[PDB]
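Here the structure is laid out as structure tokens; the discussion comes afterwards.
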Amino acid sequence: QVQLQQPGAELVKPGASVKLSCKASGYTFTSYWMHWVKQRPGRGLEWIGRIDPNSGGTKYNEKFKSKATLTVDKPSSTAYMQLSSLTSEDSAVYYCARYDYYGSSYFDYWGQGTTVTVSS
Amino acid sequence: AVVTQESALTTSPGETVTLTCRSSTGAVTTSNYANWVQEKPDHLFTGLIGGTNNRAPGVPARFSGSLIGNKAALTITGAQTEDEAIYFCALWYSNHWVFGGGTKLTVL
């Protein structure tokens, strides 16, 4: 019933931008935080940032501040991440994930991830 | 901060195994809200433990988090082949989260 939905992929050109979306259902969108995470081959996870959907307030990984922009659309219950001036370092899988910030403090439900591929 | 986990562990069905999560800057405390996440073949992630020892609903009994010494740890009792996956831990440092490198667990 809890579901985070993300599109499967983006094939984009160096230096363009993309807007990544993550649609939540089966729960009260404003009662949990939403995080974005990067997974590059043979590595793990890099935390991008978080957004409080109820206040639209954001916290970013200093590494990603001049790169990513987190927003929501409360009525459509969708979280977005925009990525600017995409380079080779930007090819990876990007996940949205729910954090029970007021409950038991777990990243319990995860989207399936959108694979971003930069190529000319 | 750097979070380090064993790169790989190998166990056998029915055996007990413990994986750990260590911090660069000192001992890991509840204030770090240690999380354990499971990644299964093709990029399927499930949260398993949060706030150092809270099992997520649906997660079998055989898994449990705790602090052992200066590190966060996840123990699996009577490991099944099903449990074969990559386990990540995440630690919280006041203005951000940091993930460990992951432990690939092989179940012979």
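Going by the structure tokens order, chains are called A, B, ..., each with residues numbered from 1, while ligands are numbered from 1 in the order shown.
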
Which residues of chain B come within 10 Å of chain A, and for each one, what is the closest pair of atoms and their distance in Å to one decimal, counting only C-alpha atoms, sorted by chain and residue number, as CSV?
```
residue,atom,partner,partner_atom,distance
B:33,CA,A:105,CA,6.9
B:34,CA,A:106,CA,8.7
B:35,CA,A:106,CA,6.3
B:36,CA,A:106,CA,8.4
B:37,CA,A:107,CA,7.7
B:42,CA,A:112,CA,9.2
B:43,CA,A:112,CA,7.2
B:44,CA,A:112,CA,6.6
B:45,CA,A:110,CA,6.2
B:46,CA,A:108,CA,6.3
B:47,CA,A:108,CA,4.2
B:48,CA,A:108,CA,7.0
B:49,CA,A:106,CA,6.3
B:50,CA,A:106,CA,3.9
B:51,CA,A:105,CA,4.9
B:52,CA,A:105,CA,8.5
B:53,CA,A:104,CA,8.9
B:54,CA,A:104,CA,6.2
B:55,CA,A:104,CA,8.7
B:56,CA,A:108,CA,6.7
B:57,CA,A:108,CA,8.9
B:86,CA,A:44,CA,9.6
B:88,CA,A:44,CA,7.9
B:89,CA,A:45,CA,9.7
B:90,CA,A:45,CA,9.1
B:95,CA,A:59,CA,7.7
B:96,CA,A:61,CA,6.8
B:97,CA,A:47,CA,6.4
B:98,CA,A:47,CA,6.5
B:99,CA,A:45,CA,5.9
B:100,CA,A:44,CA,7.5
B:101,CA,A:44,CA,5.5
B:102,CA,A:44,CA,6.6
```

- Task: Please identify all polymer residues within 7 Å of residue B:16, counting only C-alpha atoms, omitting same-chain residues fewer than 4 positions from it, and present them as an MDAnalysis selection string.
- Result: chainID B and resid 76:79

- Message: Using DSSP secondary structure from the backbone, list all helix (DSSP H, G or I) positions within stretch 7-90 of chain B, as a VMD selection string.
- Response: chain B and resid 30 to 32 81 to 83

- Nearest-residue call for residue B:32, choices B:5, B:108, B:67, B:91, using only C-alpha atoms: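 Checking each of B:5, B:108, B:67, B:91 against residue B:32, counting only C-alpha atoms, the winner is B:91.
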
- Query: Can you tell me, as a PyMOL selection string, what residues are no more than 12 Å from residue B:26 when counting only C-alpha atoms, ignoring any on the same chain fewer than 5 positions away?
  - Reply: chain B and resi 1-3+21+32+69-72+93

- Message: I'd like the interatomic distance between atom CA of residue B:29 and atom CA of residue B:11, to a tenth of an Å.
- Response: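 So the answer is 27.5 Å.
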
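Of the listed residues (A:119, A:1, A:77, A:6), A:1 comes nearest to residue A:26; the distances count only C-alpha atoms.
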
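Going from atom CA of residue A:14 over to atom CA of residue A:72, you cover 25.6 Å.
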
- Message: Among chain B, which residues does DSSP mark as strand (DSSP E) when it is run on the backbone? Keep the chain and numbering as in the structure and answer as a ChimeraX atom specification.
- Response: /B:3-5,8-11,17-23,35-40,44-50,54-55,63-68,71-76,85-92,97-99,103-107

- Message: Just want the 6 Å neighbourhood of residue A:91, counted on only C-alpha atoms, with same-chain residues fewer than 4 positions away dropped. Output as a list in words.
- Response: residues 116, 117 and 118 of chain A

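Taking atom CA of residue B:104 as the reference point, atom CA of residue B:84 is found at 7.7 Å.
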
- Query: Which neighbours of residue A:70 fall inside 7 Å, counting only C-alpha atoms, when residues of the same chain fewer than 6 positions from it are skipped, and could you give them as a PyMOL selection string?
  - Reply: chain A and resi 51+58+80-82

Limited to C-alpha atoms, could you put the picked residues into a file as a short mmCIF file (atom, residue, chain, number, x, y, z; two decimals), in the first residue's frame?
```
data_model
loop_
_atom_site.label_atom_id
_atom_site.label_comp_id
_atom_site.auth_asym_id
_atom_site.auth_seq_id
_atom_site.Cartn_x
_atom_site.Cartn_y
_atom_site.Cartn_z
CA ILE A 51 12.97 17.97 2.13
CA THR A 58 15.62 21.75 2.65
CA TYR A 80 11.10 16.47 -7.22
CA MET A 81 14.80 16.84 -7.67
CA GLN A 82 16.32 18.96 -10.33
#
```

Long-range neighbours of residue A:52 as a JSON list (two decimals) with N, CA and C atoms, in the first residue's frame, 8 Å cut-off, only C-alpha atoms, 2 positions minimum in chain:
```json
[["chain", "number", "residue", "atom", "x", "y", "z"],
["A", 30, "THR", "N", 2.61, 14.57, 4.09],
["A", 30, "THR", "CA", 3.26, 15.61, 4.93],
["A", 30, "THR", "C", 3.69, 15.12, 6.31],
["A", 32, "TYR", "N", 5.94, 12.69, 6.97],
["A", 32, "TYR", "CA", 7.25, 11.99, 6.89],
["A", 32, "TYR", "C", 8.22, 12.82, 6.01],
["A", 33, "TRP", "N", 9.52, 12.67, 6.21],
["A", 33, "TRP", "CA", 10.49, 13.42, 5.39],
["A", 33, "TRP", "C", 10.84, 12.56, 4.16],
["A", 34, "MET", "N", 11.33, 13.24, 3.14],
["A", 34, "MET", "CA", 11.75, 12.60, 1.88],
["A", 34, "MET", "C", 13.20, 12.94, 1.57],
["A", 50, "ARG", "N", 17.51, 16.28, 1.84],
["A", 50, "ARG", "CA", 16.16, 15.98, 2.31],
["A", 50, "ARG", "C", 15.25, 17.19, 2.16],
["A", 54, "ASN", "N", 6.01, 19.34, 4.37],
["A", 54, "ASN", "CA", 5.09, 20.24, 5.10],
["A", 54, "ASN", "C", 5.61, 21.68, 5.15],
["A", 55, "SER", "N", 6.91, 21.90, 5.02],
["A", 55, "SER", "CA", 7.43, 23.29, 5.12],
["A", 55, "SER", "C", 8.22, 23.70, 3.86],
["A", 56, "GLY", "N", 8.57, 22.70, 3.09],
["A", 56, "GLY", "CA", 9.32, 22.89, 1.85],
["A", 56, "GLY", "C", 10.78, 23.22, 2.15],
["A", 57, "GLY", "N", 11.11, 23.12, 3.43],
["A", 57, "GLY", "CA", 12.47, 23.40, 3.95],
["A", 57, "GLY", "C", 13.43, 22.28, 3.55],
["A", 58, "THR", "N", 14.62, 22.70, 3.14],
["A", 58, "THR", "CA", 15.62, 21.75, 2.65],
["A", 58, "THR", "C", 16.98, 21.85, 3.35]]
```

- Message: For a quick check of understanding, using only C-alpha atoms, which of B:94, B:81, B:18, B:4 has the smallest distance to residue B:107?
- Response: B:81
